[PDB]
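# Fold and contact review
Chain by chain, the residues:
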Amino acid sequence: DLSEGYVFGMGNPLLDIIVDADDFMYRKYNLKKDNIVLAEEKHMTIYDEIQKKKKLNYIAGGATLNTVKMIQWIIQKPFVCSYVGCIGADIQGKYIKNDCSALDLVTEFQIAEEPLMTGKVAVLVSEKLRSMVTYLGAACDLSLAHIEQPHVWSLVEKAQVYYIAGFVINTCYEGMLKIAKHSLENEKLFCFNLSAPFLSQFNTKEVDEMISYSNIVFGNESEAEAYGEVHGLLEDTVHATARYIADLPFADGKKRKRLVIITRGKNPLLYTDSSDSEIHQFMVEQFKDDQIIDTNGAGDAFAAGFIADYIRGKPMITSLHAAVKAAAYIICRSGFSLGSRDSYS
Ligand SMILES: Nc1ncnc2c1ncn2[C@@H]1O[C@H](CO)[C@@H](O)[C@H]1O
Ligand SMILES: [Cl-]
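So, how was this worked out
- Residues numbered from 1 in each chain as written, not as in the entry; some residues may be left out.
- Chains lettered and ligands numbered in written order.
- Heavy atoms only, no water.
- Residues with missing side-chain atoms left out of burial classes, pairs and counts.
- Near = heavy atom within 4 Å.
- Polar contact = N/O pair within 3.5 Å; in protein donor to acceptor, adjacent residues only side chain to side chain.
- Areas by Shrake-Rupley, 256 points an atom, 1.4 Å probe, with all protein chains shown as cover.
- Helix = DSSP H or I, 4+ residues; strand = E, 2+ residues; numbered from the N terminus.
- Domains from an automatic or database assignment.
- Axes fitted to C-alpha atoms, helices over the stretch in contact; angles between N-to-C directions.
- Parallel < 35°, antiparallel > 145°, perpendicular 65-115°, else oblique.
- Left-handed = near helix turned anticlockwise from the far one by under 90°.
- Contact = heavy atoms within 4.5 Å.
- Nonpolar A, V, L, I, M, F, W, Y, C, P; charged D, E, K, R; others polar.
- Core = buried A, V, L, I, M, F, W, Y, C linked by side-chain atoms within 4.5 Å.
- Buried < 20%, exposed > 50% of the residue type's maximum accessible area, 1.4 Å probe, protein only.
- 1 Å grid on protein atoms, 1.4 Å probe; cavity = no way out; pocket = protein on both sides within 12 Å on 5 of 7 lines; lining within 4 Å.
- Points joined across faces, edges and corners; volume = space filled by probe spheres on them.
- Pairing = 2+ DSSP bridges.
- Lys, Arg positive; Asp, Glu negative; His and termini not counted.
- Salt bridge = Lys/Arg side-chain N within 4 Å of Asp/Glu carboxyl O.

### Remarks on the site of ligand 1
Around ligand 1 there are 16 residues in total, and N12, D16, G62, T134 and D300 lie nearest to it. A distance of 2.6 Å is found between an oxygen atom of ligand 1 and a side-chain nitrogen or oxygen belonging to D300. When the free accessible area of ligand 1 is taken as 440 Å², the share hidden by the protein chains comes to 95%. At the level of secondary structure, the elements contributing two or more residues to the shell around ligand 1 comprise β3 (35-38), α3 (63-75) and β10 (130-137). The two domains that each donate at least three residues to the shell around ligand 1 are domain 1 (1-14 + 61-118 + 136-345) and domain 2 (15-60 + 119-135).

Okay, here's the thing in structure tokens:
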């Protein structure tokens, strides 16, 4: 029985362009498995190149948007979740806009000045590798000015739970920082996601600062290793990282518990908190090879599944099962597609 606007999200609204990629694409653009990179000049030809390929799949993306709208989808109560992002004045942006409205998700999109187009993600899918090349585009123009608007900042003030992916660091760090301060100041729930290895390597200052305001931190194995390496944790890196992130002081120096969850693919995930001296394993649902359709967005769904239950009072273990369920649902589907709500269970 949550009030409207209980969950607030801010991120980069993107369009996923999913394509069955040939093998040369990964050598040509120097791409790695299960990795994401921001588009540089040497990557720019990839978008025109994949349009030459048949059977393209266009579907709404954005890490934060995926999580927040699945939370809304799970709760089934209209207008519980809110989302703020920046799109372009194109058909892609309007598609994403209408996609949100269809899920009863309250949105206040910022519109970038033309001809800056809505961001896109080149999702290259193959039997051997899966990789993403992101062109942020209009998402970069997300301003603090748009957020501090009375009709937008009111969504933040009435919210009790926040989810902001680490990806937002590249687009509007000043915005997510202001919200995180507001959350800790009013003792709210701030959920943070490490999102990608490059964020811990190249934006270590921003990641650590965000952690100091975060009550819950989500991450995976590759992110934990990247984080751990930069912090000089050369042994038991994944475990040490979980302990390190959980033990970091909050910004005000006050004593709170921070929950840290690190997923590890098919292997048992890890979880712990500031008050716990131990790191626990949680075994997950096993998949066969011919059961997996697309693991893209499984982490975003995992966050949605956990939060949706955890904020409704359900205990830790139960919430972890809900998270795995959310991820498993997405894994058996192409892209981040939210189907009929009745067919969830
Ligand atoms: N740099 C980024 N910022 C926000 N979302 C992203 C970024 N890169 C990939 N994503 C999204 O992550 C999802 C998979 O977790 C995809 O749907 C994709 O759109
Ligand atoms: Cl995002």
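Having seen the model, we can carry on.
### Re the packing of helix α7 (residues 169-185) against helix α9 (residues 204-211)
Following both chains from N to C, one finds α7 and α9 inclined at 25°, their axes separated by 11 Å at the closest point. As the angle between them shows, α7 and α9 are arranged roughly parallel. Two packed elements cross with a definite hand, and for α7 against α9 that hand is left-handed. Contacts from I169, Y173, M176, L177 and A180 of α7 reach α9 at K205, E206, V207, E209 and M210. Residue composition of the contact of α7 with α9, by class: seven nonpolar, no polar and three charged.

### Some thoughts on the nonpolar core
Among the nonpolar cores identified, the biggest contains 59 residues, and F8, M10, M176, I179 and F192 are the most heavily contacted of them. If you tally residues by element for this core, the top one is α7, at eight residues. Three or more residues apiece are contributed to this core by two domains, here domain 1 (1-14 + 61-118 + 136-345) and domain 2 (15-60 + 119-135). Apart from residues no more than four positions distant in its own chain, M176 is found in contact with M10, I164, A165, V168, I169, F190, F192 and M210. Counting residues in each nonpolar core, the second largest holds 53 residues, with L103, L105, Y163 and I261 among its members.

### With respect to the layout of surface pockets
The gaps left among the atoms become clear once a water-sized probe is rolled over them. In this structure, the second largest pocket spans a volume of roughly 350 Å³. Every residue lining the second largest pocket is counted, 16 residues in all, and those nearest its centre are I36, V37, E40, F198 and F202. Looking at the lining of the second largest pocket residue by residue, the class counts come to nine nonpolar, four polar and three charged. Summarising the domain contributions, the lining of the second largest pocket has at least three residues from each of domain 1 (1-14 + 61-118 + 136-345) and domain 2 (15-60 + 119-135).

### Notes on the sheet that holds strand β12 (residues 189-193)
Strand order in this open sheet of nine strands is β7-β5-β1-β11-β12-β13-β14-β15-β16, and the pairing throughout is mixed. Two strands close off the open sheet at either side, each with one partner strand: β7 (106-107) and β16 (280-282). Alignment of strand β13 (residues 216-220) against strand β14 (residues 259-264), held across five bridges, turns out to be parallel. Note on β14: the bridge partner recorded for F218 is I261.

### Quick notes on the pairing of strand β2 (residues 15-20)
The side chains of a regular strand alternate, first on one face of the sheet and then on the other. β2 sits mainly inside the fold: five of its six residues count as buried. Inspection of the sheet shows β2 paired to strand β4 (residues 57-60) by four bridges, in the antiparallel sense. Each residue of the ladder has a partner; that of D16, found in β4, is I59.

### Side note on the side chain of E223
Locating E223 in the fold gives a position in helix α10 (residues 221-230). There is no salt bridge for the buried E223, and the closest opposite charge comes from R130, which lies 9.7 Å off by N-O distance. With residues up to four places along the chain from it excluded, the contact list for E223 reads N193, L194, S195, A196, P197, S200 and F218.

Note that every value here comes from positions in space, so none of it alone points to a role or purpose.
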